[PDB]
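Novice: With the input below, show me the fold.
(chains A and B, ligands or ions: 1)
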Amino acid sequence: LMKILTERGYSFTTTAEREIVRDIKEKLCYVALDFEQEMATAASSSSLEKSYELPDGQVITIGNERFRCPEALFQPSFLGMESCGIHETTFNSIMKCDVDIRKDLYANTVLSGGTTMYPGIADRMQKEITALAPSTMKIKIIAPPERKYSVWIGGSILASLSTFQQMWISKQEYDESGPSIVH
Amino acid sequence: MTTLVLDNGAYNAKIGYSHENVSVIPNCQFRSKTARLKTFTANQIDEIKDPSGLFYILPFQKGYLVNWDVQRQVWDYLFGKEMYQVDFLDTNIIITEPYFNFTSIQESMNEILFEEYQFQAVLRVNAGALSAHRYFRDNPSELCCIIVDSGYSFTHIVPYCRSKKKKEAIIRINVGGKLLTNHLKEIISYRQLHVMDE
Ligand SMILES: Nc1ncnc2c1ncn2[C@@H]1O[C@H](COP(=O)(O)OP(=O)(O)OP(=O)(O)O)[C@@H](O)[C@H]1O
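Specialist: Numbers count the residues shown, from 1 in each chain, chains lettered A, B, ... in the order given. Structure data below:
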């Protein structure tokens, strides 16, 4: 993204500067047409350039990185490092998984993490997984409204689970097995 | 030839041959709450790097014997190495016996000594009788002596005269070193907290 902004004209070169580029993700995180979104939007750039707030007041109509590298997740070849597009990567995962369990894998595909806050990830995963998967199996995507910290929330719940007491490792067994415990 | 003198009780099991092995070797087994419940023997306590909370398995909790298993295990672990040089029929053993001990238990102990360890000879001398003989040898001009043996688990007032003990003026008292230690434990527990059992 810093290289993209350099092509634009800002030309940042260090983290102390591109902290604001990191922040740009707060608004420039949408993608609709994974194959031609950036071109179709550069052709009709209006009401899509959120104009991120630069410190110097430069509100230039950011309208290409709005759709460039939210899609880099689905198209690794777009960056330069090659890999299965995030969607087909998850698909290959559930494919290598068992056959019977693959139905529940299709039906319970969760999305979590700070990077998943991109509003378009849900719909794009829906479309790509429906294109890559059979017709009988549907895609019941579930993106929690607060997926930003879903991992932390679930961990805190698992920790403060009522009858989970017996499963905590303690000094008692540490003093006789140490790290040789289940690990 | 050499001989093996053995005195035994609740706290201490003092075995020694004609020249060395002079120490306070205990008689009970120790189990460490931390060392995977390993059962230690009389002298193996020195191998325990943390004797806190040791559970005591006692062949004697007071003057009389209980649970032969522990006593026989202690004797085997002692004999198995430098302490006695397990050789059996080469030498003999002299074991002490309480003032008024279980007749059946003591004769069965003699039976076991003759059968399993097969010492070429052993006798029924008394713990107080041995001290009486020691004192008589120390003072040959004496003809009568009273022994006040206040052991760690014993308190015996035993007379001796004309090389014979009389079973009428022979007193034993249950106030022993073990009782004193337990009372100190209880006092410290009660006066620092409401429970403490080390
Ligand atoms: N609302 C958001 N929209 C888009 N991107 C975001 C958002 N919030 C955070 N990010 C990006 O996601 C990253 C943080 O990831 P997240 O906190 O979800 O997991 P993480 O703990 O940071 O990563 P890891 O679990 O590997 O430590 C940040 O580097 C940030 O650029």
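Novice: Helices of chain B, start to end?
Specialist: Assigned by DSSP state H, chain B shows helices spanning B:68-79, B:103-112, B:127-138, B:177-192.
Novice: next one: chain A
Specialist: A:2-8, A:15-24, A:37-43, A:86-96, A:101-107, A:121-132, A:150-159, A:171-177.
Novice: for those helices, which one ends up most surrounded?
Specialist: Of the helices of chain A, the one with the most neighbours on average (mean count of other C-beta atoms under 10 Å in any protein chain shown) is helix A:121-132, at a mean of 18. Where C-beta positions appear, they are placed from N, C-alpha and C, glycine not excepted.
Novice: Is that helix positioned near the ligand?
Specialist: No: with C-beta under 6 Å from any ligand atom as the criterion, the ligand is not reached by helix A:121-132; the gap is at least 9.2 Å.
Novice: Likewise for stretch A:67-85?
Specialist: No: figure legend: stretch A:67-85 not in contact with the ligand (C-beta under 6 Å from any ligand atom); closest approach 8.3 Å.
Novice: just how off-centre is that stretch within its chain?
Specialist: Put simply, stretch A:67-85 sits 12 Å off its chain's centre (C-alpha atoms, centre = their mean, to the nearest Å).
Novice: Run through who's touching that stretch.
Specialist: A:1, A:4, A:28-32, A:34, A:37-38, A:41, A:86-87, A:89, A:92, A:115, A:118, A:120-121, A:124, A:128 (C-beta atoms under 8 Å, 6 or more residues apart in numbering or on different chains).
Novice: And for stretch B:166-176?
Specialist: So stretch B:166-176 is contacted by B:62-63, B:99-100, B:150-159 (C-beta under 8 Å, 6+ apart).
Novice: For that stretch, output the C-alpha coordinates as PDB.
Specialist: The C-alpha atoms that make up stretch B:166-176 are tabulated as PDB, following Å, rounded to 0.1, in the frame of the first residue of the first chain:
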ATOM      1  CA  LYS B 166      12.500 -58.000  88.800                       C
ATOM      2  CA  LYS B 167       9.100 -57.500  87.100                       C
ATOM      3  CA  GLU B 168       7.400 -55.800  90.000                       C
ATOM      4  CA  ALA B 169       9.200 -52.400  90.400                       C
ATOM      5  CA  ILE B 170       9.500 -51.800  86.700                       C
ATOM      6  CA  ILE B 171       7.800 -48.700  85.400                       C
ATOM      7  CA  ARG B 172       7.100 -47.300  81.900                       C
ATOM      8  CA  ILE B 173       5.700 -43.900  81.000                       C
ATOM      9  CA  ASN B 174       4.000 -42.800  77.800                       C
ATOM     10  CA  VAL B 175       5.500 -39.300  77.900                       C
ATOM     11  CA  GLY B 176       8.100 -39.800  75.200                       C
END
